[PDB]
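One chain comes next, on its own, written out as structure tokens in the form deposited in one PDB entry.
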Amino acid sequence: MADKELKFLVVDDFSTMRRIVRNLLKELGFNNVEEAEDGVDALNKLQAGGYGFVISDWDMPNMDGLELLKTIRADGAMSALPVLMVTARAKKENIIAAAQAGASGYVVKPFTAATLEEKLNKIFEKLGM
């Protein structure tokens, strides 16, 4: 995956979290990044088209990460979009629910650029990108 212009949507209700993830992506060379504050905001943005990767918080108001993921996977145009879930604490049941709903990966925050890079690269490889 040599497309540094892959367009990311970073979804989290905390502005600081979104900024952290944006800055880590920038460090890795991914600068084509947009932000959303909950699952509905995310879906509104995704409808505009052109997105290549979603990084979403698990716990958000109004529409949480699991519901956002399910909606993406049920969308014809976006059904195969990579979705990496972010959580403050790994839990077996959450990991399995996310997998059942089609998550591409799951990562615990706080994380470093090297940790994000490994998550992204393993997802790109798994998906044949």
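Numbers for residues come from their place in the sequence shown, where the first is 1.
Below, we turn to the form solved in complex with a partner chain, even though it does not appear here.
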Give a yes or no for residue 91: in the deposited complex, does one of its heavy atoms lie within 4.5 Å of a heavy atom belonging to its partner chain?
-> yes
Touches its partner chain in the deposited complex: residue 4 (any heavy atom, 4.5 Å) = no
Within a 4.5 Å heavy atom cut-off, is residue 95 in contact with its partner chain in the deposited complex?
-> yes
Using the partner position in the deposited complex, report whether residue 99 sits within 4.5 Å of its partner chain, counting heavy atoms only.
-> yes
